[PDB]
$ cat start-v7.cif   # mmCIF, C-alpha atoms and all ligand atoms
data_coords
#
loop_
_atom_site.label_atom_id
_atom_site.label_comp_id
_atom_site.auth_asym_id
_atom_site.auth_seq_id
_atom_site.Cartn_x
_atom_site.Cartn_y
_atom_site.Cartn_z
CA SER M 1 65.03 -37.05 -80.93
CA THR M 2 67.80 -38.20 -83.30
CA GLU M 3 70.59 -35.62 -83.80
CA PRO M 4 73.67 -35.23 -86.11
CA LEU M 5 74.81 -38.87 -86.15
CA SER M 6 78.05 -37.76 -87.81
CA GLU M 7 78.98 -41.42 -88.25
CA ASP M 8 82.45 -40.92 -89.69
CA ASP M 9 83.04 -38.78 -86.59
CA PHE M 10 82.43 -41.62 -84.11
CA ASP M 11 85.40 -42.96 -86.11
CA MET M 12 87.31 -39.69 -85.94
CA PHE M 13 87.11 -40.17 -82.20
CA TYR M 14 89.08 -43.35 -82.35
CA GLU M 15 91.98 -41.98 -84.36
CA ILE M 16 92.58 -39.17 -81.93
CA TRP M 17 92.15 -41.56 -78.98
CA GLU M 18 94.89 -43.77 -80.45
CA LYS M 19 97.09 -40.71 -80.59
CA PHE M 20 96.64 -40.38 -76.79
CA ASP M 21 96.08 -43.98 -75.73
CA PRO M 22 98.52 -45.91 -77.96
CA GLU M 23 98.56 -49.13 -75.84
CA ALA M 24 94.78 -49.16 -76.04
CA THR M 25 94.50 -49.15 -72.23
CA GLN M 26 90.97 -47.75 -72.56
CA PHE M 27 92.17 -44.91 -70.33
CA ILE M 28 93.56 -41.39 -70.64
CA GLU M 29 94.76 -39.22 -67.75
CA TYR M 30 92.95 -36.10 -66.58
CA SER M 31 96.02 -33.96 -67.21
CA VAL M 32 95.42 -34.31 -70.95
CA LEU M 33 91.65 -34.46 -71.29
CA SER M 34 91.83 -30.77 -72.28
CA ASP M 35 94.26 -31.38 -75.14
CA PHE M 36 92.25 -34.45 -76.18
CA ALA M 37 88.81 -32.80 -76.21
CA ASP M 38 90.35 -30.10 -78.37
CA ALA M 39 92.25 -31.86 -81.17
CA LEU M 40 89.06 -33.63 -82.41
CA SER M 41 86.81 -32.61 -85.33
CA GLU M 42 84.38 -29.71 -84.93
CA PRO M 43 81.19 -31.40 -83.66
CA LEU M 44 82.63 -33.39 -80.72
CA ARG M 45 85.61 -31.05 -80.28
CA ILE M 46 85.64 -28.83 -77.23
CA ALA M 47 87.97 -25.97 -78.11
CA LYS M 48 90.49 -24.44 -75.72
CA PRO M 49 89.44 -22.54 -72.74
CA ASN M 50 88.30 -25.99 -71.88
CA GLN M 51 88.71 -26.74 -68.17
CA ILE M 52 85.33 -25.77 -66.72
CA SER M 53 83.48 -27.39 -69.62
CA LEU M 54 85.18 -30.66 -68.61
CA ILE M 55 84.45 -30.50 -64.90
CA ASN M 56 80.79 -29.97 -65.74
CA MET M 57 80.38 -33.18 -67.76
CA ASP M 58 80.78 -34.97 -64.41
CA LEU M 59 83.22 -37.51 -65.95
CA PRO M 60 83.97 -40.35 -63.52
CA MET M 61 87.59 -41.00 -62.64
CA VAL M 62 89.44 -44.06 -61.47
CA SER M 63 92.63 -44.62 -59.50
CA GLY M 64 95.55 -42.53 -60.73
CA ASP M 65 93.34 -39.83 -62.31
CA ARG M 66 92.49 -41.82 -65.42
CA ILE M 67 89.25 -41.58 -67.37
CA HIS M 68 87.62 -44.12 -69.68
CA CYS M 69 86.99 -43.66 -73.41
CA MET M 70 83.44 -44.92 -73.04
CA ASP M 71 82.62 -42.35 -70.38
CA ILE M 72 84.36 -39.62 -72.39
CA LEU M 73 82.44 -40.72 -75.47
CA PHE M 74 78.88 -40.49 -74.15
CA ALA M 75 79.79 -37.37 -72.21
CA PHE M 76 81.04 -35.66 -75.36
CA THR M 77 78.11 -36.84 -77.50
CA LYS M 78 75.63 -35.78 -74.81
CA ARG M 79 77.03 -32.28 -75.36
CA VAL M 80 76.66 -32.15 -79.17
CA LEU M 81 73.12 -33.62 -78.94
CA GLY M 82 71.50 -31.84 -76.01
CA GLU M 83 70.43 -33.24 -72.63
CA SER M 84 67.08 -35.08 -72.39
CA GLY M 85 65.31 -37.80 -70.39
CA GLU M 86 65.71 -39.82 -73.58
CA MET M 87 69.52 -39.75 -73.23
CA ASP M 88 69.29 -42.07 -70.21
CA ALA M 89 68.37 -44.74 -72.74
CA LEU M 90 71.36 -43.75 -74.88
CA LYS M 91 73.90 -44.24 -72.06
CA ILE M 92 72.87 -47.71 -70.80
CA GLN M 93 72.60 -48.73 -74.49
CA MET M 94 75.96 -47.46 -75.76
CA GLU M 95 77.54 -49.37 -72.85
CA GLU M 96 75.70 -52.66 -73.29
CA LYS M 97 76.78 -52.70 -76.94
CA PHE M 98 80.33 -51.86 -75.84
CA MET M 99 80.38 -54.57 -73.15
CA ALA M 100 78.99 -57.65 -74.85
CA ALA M 101 81.08 -56.59 -77.85
CA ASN M 102 84.32 -56.43 -75.84
CA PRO M 103 86.50 -59.30 -74.63
CA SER M 104 88.52 -56.99 -72.43
CA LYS M 105 87.34 -57.22 -68.83
CA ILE M 106 89.06 -54.17 -67.41
CA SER M 107 89.54 -52.55 -63.99
CA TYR M 108 86.59 -50.18 -63.61
CA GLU M 109 86.38 -48.94 -60.04
CA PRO M 110 85.34 -45.21 -60.12
CA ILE M 111 86.73 -42.90 -57.39
CA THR M 112 85.75 -39.26 -58.08
CA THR M 113 84.07 -37.24 -60.73
CA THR M 114 85.54 -34.18 -62.46
CA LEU M 115 83.02 -32.27 -60.37
CA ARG M 116 83.99 -33.59 -56.94
CA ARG M 117 87.65 -33.28 -57.95
CA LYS M 118 86.95 -29.57 -58.23
CA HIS M 119 85.18 -29.16 -54.85
CA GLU M 120 87.91 -31.47 -53.57
CA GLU M 121 90.60 -29.21 -54.91
CA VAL M 122 89.24 -26.06 -53.19
CA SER M 123 88.44 -27.77 -49.88
CA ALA M 124 92.08 -28.74 -49.86
CA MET M 125 92.89 -25.06 -50.24
CA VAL M 126 90.67 -24.11 -47.27
CA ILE M 127 92.52 -26.65 -45.09
CA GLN M 128 95.80 -25.68 -46.74
CA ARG M 129 95.10 -22.01 -45.99
CA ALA M 130 94.22 -22.45 -42.34
CA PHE M 131 97.25 -24.65 -41.71
CA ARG M 132 99.71 -22.26 -43.32
CA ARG M 133 98.17 -19.49 -41.22
CA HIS M 134 98.39 -21.66 -38.08
CA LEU M 135 101.96 -22.68 -38.84
CA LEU M 136 102.99 -19.06 -38.95
CA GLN M 137 101.02 -18.00 -35.89
CA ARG M 138 102.89 -20.84 -34.24
CA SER M 139 106.26 -19.68 -35.54
CA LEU M 140 105.66 -16.22 -34.15
CA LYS M 141 104.58 -17.84 -30.88
CA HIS M 142 107.93 -19.64 -30.67
CA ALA M 143 109.56 -16.38 -31.67
CA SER M 144 108.00 -14.62 -28.73
CA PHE M 145 109.02 -16.74 -25.77
CA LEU M 146 108.32 -14.39 -22.90
CA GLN P 1 91.36 -6.71 -52.22
CA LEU P 2 91.78 -7.22 -55.98
CA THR P 3 91.41 -10.66 -57.61
CA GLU P 4 94.02 -12.26 -59.87
CA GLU P 5 94.60 -14.56 -62.89
CA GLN P 6 91.56 -16.34 -61.49
CA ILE P 7 89.57 -13.71 -63.40
CA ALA P 8 90.66 -15.75 -66.39
CA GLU P 9 88.81 -18.65 -64.79
CA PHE P 10 85.67 -16.82 -63.59
CA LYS P 11 85.36 -15.58 -67.17
CA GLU P 12 85.59 -19.13 -68.46
CA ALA P 13 82.83 -20.38 -66.14
CA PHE P 14 80.58 -17.43 -66.87
CA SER P 15 81.15 -17.65 -70.62
CA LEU P 16 80.24 -21.35 -70.73
CA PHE P 17 76.85 -20.89 -69.10
CA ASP P 18 75.82 -17.90 -71.17
CA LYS P 19 74.49 -19.71 -74.23
CA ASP P 20 72.67 -16.64 -75.59
CA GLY P 21 75.63 -14.24 -75.50
CA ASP P 22 74.08 -11.22 -73.76
CA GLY P 23 76.83 -11.22 -71.11
CA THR P 24 74.32 -11.92 -68.37
CA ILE P 25 73.50 -15.34 -66.87
CA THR P 26 70.01 -16.36 -65.84
CA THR P 27 69.97 -16.39 -62.04
CA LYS P 28 69.00 -20.08 -61.55
CA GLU P 29 72.25 -20.88 -63.34
CA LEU P 30 74.17 -18.89 -60.73
CA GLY P 31 74.00 -21.89 -58.41
CA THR P 32 75.21 -24.12 -61.22
CA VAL P 33 77.98 -21.76 -62.40
CA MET P 34 79.51 -21.88 -58.94
CA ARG P 35 79.33 -25.62 -58.31
CA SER P 36 81.25 -25.87 -61.59
CA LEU P 37 83.77 -23.45 -60.09
CA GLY P 38 84.41 -25.54 -56.96
CA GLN P 39 82.40 -23.59 -54.40
CA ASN P 40 79.73 -24.86 -52.04
CA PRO P 41 76.60 -22.69 -52.31
CA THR P 42 73.52 -23.23 -50.13
CA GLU P 43 70.05 -22.36 -51.42
CA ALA P 44 70.20 -19.74 -48.64
CA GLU P 45 73.58 -18.21 -49.51
CA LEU P 46 72.16 -18.23 -53.04
CA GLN P 47 69.06 -16.26 -52.11
CA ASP P 48 70.93 -13.64 -50.08
CA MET P 49 73.43 -13.30 -52.92
CA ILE P 50 70.68 -13.29 -55.54
CA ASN P 51 68.52 -10.50 -54.06
CA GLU P 52 71.56 -8.47 -52.88
CA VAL P 53 72.74 -7.89 -56.43
CA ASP P 54 69.48 -8.32 -58.37
CA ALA P 55 67.29 -6.00 -56.28
CA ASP P 56 65.40 -5.14 -59.47
CA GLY P 57 63.90 -8.65 -59.89
CA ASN P 58 65.13 -9.11 -63.46
CA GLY P 59 67.10 -12.28 -62.74
CA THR P 60 70.26 -10.64 -64.10
CA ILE P 61 73.88 -11.03 -63.18
CA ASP P 62 76.23 -9.54 -65.77
CA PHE P 63 79.91 -10.38 -65.44
CA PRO P 64 80.88 -7.34 -63.36
CA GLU P 65 77.87 -8.02 -61.08
CA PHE P 66 79.45 -11.49 -60.74
CA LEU P 67 83.16 -10.64 -60.39
CA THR P 68 82.30 -8.36 -57.48
CA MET P 69 80.42 -11.23 -55.79
CA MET P 70 83.44 -13.49 -55.86
CA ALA P 71 85.57 -10.54 -54.73
CA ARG P 72 83.36 -10.42 -51.59
CA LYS P 73 83.73 -14.16 -50.95
CA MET P 74 87.52 -14.46 -51.52
CA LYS P 75 87.77 -11.30 -49.41
CA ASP P 76 86.82 -12.92 -46.12
CA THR P 77 88.98 -15.32 -44.12
CA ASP P 78 87.49 -18.85 -44.06
CA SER P 79 85.32 -19.76 -41.10
CA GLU P 80 85.58 -22.81 -38.87
CA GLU P 81 82.24 -24.04 -40.16
CA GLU P 82 84.05 -24.08 -43.49
CA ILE P 83 87.27 -25.79 -42.37
CA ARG P 84 84.88 -28.36 -40.94
CA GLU P 85 82.98 -29.02 -44.19
CA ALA P 86 86.28 -29.09 -46.11
CA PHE P 87 87.65 -31.84 -43.93
CA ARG P 88 84.36 -33.75 -44.12
CA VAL P 89 84.80 -33.92 -47.89
CA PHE P 90 87.83 -36.13 -47.25
CA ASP P 91 86.28 -38.42 -44.63
CA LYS P 92 84.49 -40.51 -47.20
CA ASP P 93 83.42 -43.28 -44.81
CA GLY P 94 81.80 -40.71 -42.50
CA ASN P 95 83.24 -41.41 -39.08
CA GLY P 96 85.11 -38.21 -38.24
CA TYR P 97 88.54 -39.77 -38.76
CA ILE P 98 90.94 -39.37 -41.69
CA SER P 99 94.19 -41.28 -42.06
CA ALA P 100 97.55 -39.54 -41.86
CA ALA P 101 98.14 -41.22 -45.19
CA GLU P 102 95.05 -40.05 -47.08
CA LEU P 103 95.60 -36.66 -45.51
CA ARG P 104 99.17 -36.54 -46.70
CA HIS P 105 97.94 -37.62 -50.10
CA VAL P 106 95.24 -34.98 -50.53
CA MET P 107 97.50 -32.37 -48.98
CA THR P 108 100.53 -32.99 -51.15
CA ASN P 109 98.61 -33.40 -54.41
CA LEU P 110 95.59 -31.09 -54.44
CA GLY P 111 95.30 -27.31 -54.21
CA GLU P 112 98.09 -25.06 -53.05
CA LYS P 113 100.10 -28.21 -52.34
CA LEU P 114 101.89 -28.65 -49.05
CA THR P 115 105.53 -29.62 -49.22
CA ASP P 116 106.55 -32.94 -47.71
CA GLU P 117 107.94 -31.11 -44.70
CA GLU P 118 104.86 -29.02 -44.01
CA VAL P 119 102.62 -32.06 -44.03
CA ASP P 120 105.10 -33.79 -41.67
CA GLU P 121 104.41 -31.05 -39.13
CA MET P 122 100.71 -31.23 -39.90
CA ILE P 123 100.62 -34.86 -38.84
CA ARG P 124 102.86 -34.48 -35.83
CA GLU P 125 100.23 -31.96 -34.71
CA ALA P 126 97.04 -33.71 -35.79
CA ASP P 127 98.00 -37.24 -34.73
CA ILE P 128 98.79 -36.92 -31.03
CA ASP P 129 98.14 -40.63 -30.45
CA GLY P 130 100.64 -42.09 -32.93
CA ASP P 131 98.00 -44.30 -34.59
CA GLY P 132 98.06 -42.53 -37.96
CA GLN P 133 94.34 -41.83 -37.91
CA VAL P 134 93.26 -38.27 -37.04
CA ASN P 135 90.07 -36.88 -35.63
CA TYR P 136 89.80 -33.80 -37.80
CA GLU P 137 87.21 -32.03 -35.64
CA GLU P 138 89.82 -32.42 -32.93
CA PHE P 139 92.25 -30.79 -35.37
CA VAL P 140 89.99 -27.88 -36.31
CA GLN P 141 89.81 -26.96 -32.59
CA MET P 142 93.59 -26.98 -32.51
CA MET P 143 93.93 -24.25 -35.11
CA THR P 144 91.40 -21.96 -33.52
CA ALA P 145 93.09 -20.76 -30.28
MG MG M 201 72.52 -14.80 -70.90
MG MG M 202 71.14 -7.99 -62.00
MG MG M 203 87.03 -41.60 -41.94
MG MG M 204 95.79 -40.51 -34.65
#
$ encode --input "start-v7.cif" --output "structure tokens"
Amino acid sequence: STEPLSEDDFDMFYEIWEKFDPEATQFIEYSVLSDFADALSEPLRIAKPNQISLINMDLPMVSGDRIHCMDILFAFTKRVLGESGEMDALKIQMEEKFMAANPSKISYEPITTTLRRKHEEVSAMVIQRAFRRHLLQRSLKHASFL
Amino acid sequence: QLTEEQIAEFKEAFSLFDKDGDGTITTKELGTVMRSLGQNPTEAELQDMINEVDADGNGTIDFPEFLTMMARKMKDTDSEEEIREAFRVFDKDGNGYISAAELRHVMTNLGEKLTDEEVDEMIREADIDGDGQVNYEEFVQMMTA
């Protein structure tokens, strides 16, 4: 398996990255991954109504809800190419090239994934729901001293 | 009773997984569609859901078949089994204790966010022992009587 290697599109990635990550921090925030995935060219682009597509790529995240270009890359190319046991070669390969060929040792300590962050967000709401309920039950308690 | 602008979102999730375009998702996806939507579905809850809508063994859930399902989940008030799981998601080390700091973090930054002053009262209540470390199972039992 060897799919559309649109190889002036791997480049089109970088331009649009630079639009979002000017300092070349290697990181963009979550609250922007939608806009980013969109404003690319048509193969790698993930058009709007975008959110749930993102959480499903299982993108790792690091402190401060940042995400790394090299995770975003493979994630987005995995989409345009189709999943396969042969991709597992692709990942560990596109990252060994990137690593030897990079003098920038950077902070890479992954916290969540875009998946967890979703289950995390609703579990918060469960706890947030019960405690708003309880708070009120409590306020009516205090109301009814008798 | 009725759902909301979250129909916008259920549509999004459903639409993504329907690669064919027949407006019906293959039932083994159902479990995947929902994990992508934030919910926790057991292979049991799946089965009961699956054969309580698809009683005709076709493997079909069209979008109405689906929107009514969620309407039945949202509908109910969360359990205590569920407030338990939800807390356990945030006790990453796995010891039954969560810090009044990590709590306050999660609580003030995820979901229907709690204001600084609500969380204050949450901690006053959950941390009886002043050590800023709360046994959440102990806290569940506090908001259940
Ligand atoms: Mg279909
Ligand atoms: Mg059906
Ligand atoms: Mg703990
Ligand atoms: Mg304590």
$ atom_distance --input "start-v7.cif" --atom1 "atom CA of residue 132 of chain P" --atom2 "atom CA of residue 82 of chain P"
23.8 Å
$ residues_near_ligand --input "start-v7.cif" --ligand "ligand MG 201 (chain M)" --cutoff "12 Å" --atoms "all atoms listed in the file" --output "list in words"
residues 14, 15, 16, 17, 18, 19, 20, 21, 22, 23, 24, 25, 26, 27, 28, 29, 30, 58, 59, 60, 61, 62 and 63 of chain P
$ interface_residues --input "start-v7.cif" --of "chain M" --to "chain P" --cutoff "9 Å" --atoms "all atoms listed in the file" --output "PyMOL selection string"
chain M and resi 49-53+55-56+115-135
$ closest_residue --input "start-v7.cif" --among "P:141, P:99, P:51, P:115" --to "ligand MG 203 (chain M)" --atoms "only C-alpha atoms and all ligand atoms"
P:99
$ atom_distance --input "start-v7.cif" --atom1 "atom CA of residue 139 of chain M" --atom2 "atom CA of residue 98 of chain P"
25.7 Å
$ residues_near_ligand --input "start-v7.cif" --ligand "ligand MG 203 (chain M)" --cutoff "7 Å" --atoms "all atoms listed in the file" --output "VMD selection string"
chain P and resid 91 to 98
$ atom_distance --input "start-v7.cif" --atom1 "atom CA of residue 100 of chain M" --atom2 "atom CA of residue 81 of chain M"
25.1 Å
$ residues_near_ligand --input "start-v7.cif" --ligand "ligand MG 204 (chain M)" --cutoff "6 Å" --atoms "only C-alpha atoms and all ligand atoms" --output "ChimeraX atom specification"
/P:127-134
$ residues_around --input "start-v7.cif" --residues "residue 29 of chain M" --least-positions-apart "3" --cutoff "8 Å" --atoms "all atoms listed in the file" --output "ChimeraX atom specification"
/M:32-33,64-67
$ residues_around --input "start-v7.cif" --residues "segment 1-13 of chain M" --least-positions-apart "3" --cutoff "10 Å" --atoms "all atoms listed in the file" --output "list in words"
residues 16, 17, 18, 36, 37, 39, 40, 41, 42, 43, 44, 45, 69, 73, 77, 80, 81, 82, 84, 86 and 87 of chain M
$ residues_around --input "start-v7.cif" --residues "residue 68 of chain M" --least-positions-apart "4" --cutoff "10 Å" --atoms "all atoms listed in the file" --output "ChimeraX atom specification"
/M:25-29,59-62,72-73,108,110
$ closest_residue --input "start-v7.cif" --among "P:2, P:50, P:7, P:69" --to "ligand MG 202 (chain M)" --atoms "all atoms listed in the file"
P:50
$ decode --input "start-v7.cif" --residues "segment 105-127 of chain M" --atoms "N, CA, C and O atoms" --output "PDB file, in the first residue's frame"
ATOM      1  N   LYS M 105      15.834  19.092  20.753  1.00  0.00           N
ATOM      2  CA  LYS M 105      15.290  18.374  21.900  1.00  0.00           C
ATOM      3  C   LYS M 105      14.195  19.229  22.491  1.00  0.00           C
ATOM      4  O   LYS M 105      14.488  20.308  23.010  1.00  0.00           O
ATOM      5  N   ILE M 106      12.950  18.772  22.424  1.00  0.00           N
ATOM      6  CA  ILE M 106      11.877  19.526  23.041  1.00  0.00           C
ATOM      7  C   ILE M 106      11.087  18.729  24.097  1.00  0.00           C
ATOM      8  O   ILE M 106      11.076  17.491  24.120  1.00  0.00           O
ATOM      9  N   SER M 107      10.460  19.484  24.996  1.00  0.00           N
ATOM     10  CA  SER M 107       9.572  18.953  26.020  1.00  0.00           C
ATOM     11  C   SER M 107       8.438  18.121  25.428  1.00  0.00           C
ATOM     12  O   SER M 107       7.450  18.681  24.930  1.00  0.00           O
ATOM     13  N   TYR M 108       8.549  16.798  25.491  1.00  0.00           N
ATOM     14  CA  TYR M 108       7.440  15.959  25.049  1.00  0.00           C
ATOM     15  C   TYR M 108       6.979  14.979  26.112  1.00  0.00           C
ATOM     16  O   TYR M 108       7.361  13.806  26.119  1.00  0.00           O
ATOM     17  N   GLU M 109       6.122  15.479  26.991  1.00  0.00           N
ATOM     18  CA  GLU M 109       5.540  14.689  28.065  1.00  0.00           C
ATOM     19  C   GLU M 109       4.000  14.700  27.929  1.00  0.00           C
ATOM     20  O   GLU M 109       3.326  15.591  28.455  1.00  0.00           O
ATOM     21  N   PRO M 110       3.447  13.728  27.173  1.00  0.00           N
ATOM     22  CA  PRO M 110       2.009  13.616  26.890  1.00  0.00           C
ATOM     23  C   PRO M 110       1.097  13.355  28.105  1.00  0.00           C
ATOM     24  O   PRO M 110       1.272  12.369  28.818  1.00  0.00           O
ATOM     25  N   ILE M 111       0.124  14.240  28.307  1.00  0.00           N
ATOM     26  CA  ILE M 111      -0.917  14.094  29.327  1.00  0.00           C
ATOM     27  C   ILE M 111      -2.104  13.243  28.854  1.00  0.00           C
ATOM     28  O   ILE M 111      -2.197  12.057  29.174  1.00  0.00           O
ATOM     29  N   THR M 112      -3.007  13.876  28.099  1.00  0.00           N
ATOM     30  CA  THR M 112      -4.239  13.254  27.614  1.00  0.00           C
ATOM     31  C   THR M 112      -4.155  12.812  26.175  1.00  0.00           C
ATOM     32  O   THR M 112      -3.107  12.843  25.551  1.00  0.00           O
ATOM     33  N   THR M 113      -5.304  12.398  25.660  1.00  0.00           N
ATOM     34  CA  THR M 113      -5.533  12.363  24.229  1.00  0.00           C
ATOM     35  C   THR M 113      -6.832  13.122  23.979  1.00  0.00           C
ATOM     36  O   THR M 113      -7.570  13.421  24.915  1.00  0.00           O
ATOM     37  N   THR M 114      -7.077  13.489  22.728  1.00  0.00           N
ATOM     38  CA  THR M 114      -8.301  14.187  22.357  1.00  0.00           C
ATOM     39  C   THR M 114      -9.530  13.345  22.656  1.00  0.00           C
ATOM     40  O   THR M 114     -10.640  13.873  22.753  1.00  0.00           O
ATOM     41  N   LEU M 115      -9.322  12.034  22.769  1.00  0.00           N
ATOM     42  CA  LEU M 115     -10.368  11.116  23.198  1.00  0.00           C
ATOM     43  C   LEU M 115     -10.660  11.263  24.679  1.00  0.00           C
ATOM     44  O   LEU M 115     -11.771  11.644  25.037  1.00  0.00           O
ATOM     45  N   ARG M 116      -9.680  10.943  25.527  1.00  0.00           N
ATOM     46  CA  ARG M 116      -9.851  11.092  26.961  1.00  0.00           C
ATOM     47  C   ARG M 116     -10.453  12.454  27.254  1.00  0.00           C
ATOM     48  O   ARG M 116     -11.456  12.557  27.950  1.00  0.00           O
ATOM     49  N   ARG M 117      -9.858  13.496  26.683  1.00  0.00           N
ATOM     50  CA  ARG M 117     -10.269  14.870  26.967  1.00  0.00           C
ATOM     51  C   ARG M 117     -11.769  15.030  26.768  1.00  0.00           C
ATOM     52  O   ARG M 117     -12.398  15.898  27.364  1.00  0.00           O
ATOM     53  N   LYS M 118     -12.340  14.169  25.940  1.00  0.00           N
ATOM     54  CA  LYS M 118     -13.773  14.183  25.704  1.00  0.00           C
ATOM     55  C   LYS M 118     -14.523  13.444  26.845  1.00  0.00           C
ATOM     56  O   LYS M 118     -15.394  14.024  27.499  1.00  0.00           O
ATOM     57  N   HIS M 119     -14.171  12.188  27.109  1.00  0.00           N
ATOM     58  CA  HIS M 119     -14.691  11.503  28.286  1.00  0.00           C
ATOM     59  C   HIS M 119     -14.395  12.271  29.567  1.00  0.00           C
ATOM     60  O   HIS M 119     -15.131  12.171  30.543  1.00  0.00           O
ATOM     61  N   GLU M 120     -13.302  13.021  29.575  1.00  0.00           N
ATOM     62  CA  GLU M 120     -12.934  13.798  30.751  1.00  0.00           C
ATOM     63  C   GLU M 120     -13.928  14.952  30.856  1.00  0.00           C
ATOM     64  O   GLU M 120     -14.404  15.291  31.940  1.00  0.00           O
ATOM     65  N   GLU M 121     -14.271  15.534  29.719  1.00  0.00           N
ATOM     66  CA  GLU M 121     -15.112  16.710  29.745  1.00  0.00           C
ATOM     67  C   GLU M 121     -16.515  16.339  30.253  1.00  0.00           C
ATOM     68  O   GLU M 121     -17.087  17.081  31.045  1.00  0.00           O
ATOM     69  N   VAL M 122     -17.061  15.194  29.843  1.00  0.00           N
ATOM     70  CA  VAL M 122     -18.407  14.816  30.297  1.00  0.00           C
ATOM     71  C   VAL M 122     -18.444  14.319  31.754  1.00  0.00           C
ATOM     72  O   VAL M 122     -19.433  14.539  32.473  1.00  0.00           O
ATOM     73  N   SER M 123     -17.393  13.626  32.182  1.00  0.00           N
ATOM     74  CA  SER M 123     -17.339  13.143  33.544  1.00  0.00           C
ATOM     75  C   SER M 123     -17.308  14.334  34.468  1.00  0.00           C
ATOM     76  O   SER M 123     -17.878  14.299  35.546  1.00  0.00           O
ATOM     77  N   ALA M 124     -16.665  15.406  34.034  1.00  0.00           N
ATOM     78  CA  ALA M 124     -16.717  16.647  34.783  1.00  0.00           C
ATOM     79  C   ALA M 124     -18.152  17.095  34.947  1.00  0.00           C
ATOM     80  O   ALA M 124     -18.568  17.520  36.024  1.00  0.00           O
ATOM     81  N   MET M 125     -18.910  16.983  33.867  1.00  0.00           N
ATOM     82  CA  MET M 125     -20.297  17.429  33.856  1.00  0.00           C
ATOM     83  C   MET M 125     -21.198  16.582  34.767  1.00  0.00           C
ATOM     84  O   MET M 125     -22.072  17.127  35.431  1.00  0.00           O
ATOM     85  N   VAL M 126     -20.991  15.267  34.802  1.00  0.00           N
ATOM     86  CA  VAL M 126     -21.628  14.422  35.815  1.00  0.00           C
ATOM     87  C   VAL M 126     -21.389  14.987  37.217  1.00  0.00           C
ATOM     88  O   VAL M 126     -22.331  15.304  37.929  1.00  0.00           O
ATOM     89  N   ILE M 127     -20.122  15.111  37.602  1.00  0.00           N
ATOM     90  CA  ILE M 127     -19.742  15.627  38.918  1.00  0.00           C
ATOM     91  C   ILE M 127     -20.251  17.055  39.104  1.00  0.00           C
ATOM     92  O   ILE M 127     -20.674  17.445  40.195  1.00  0.00           O
TER      93      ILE M 127
END
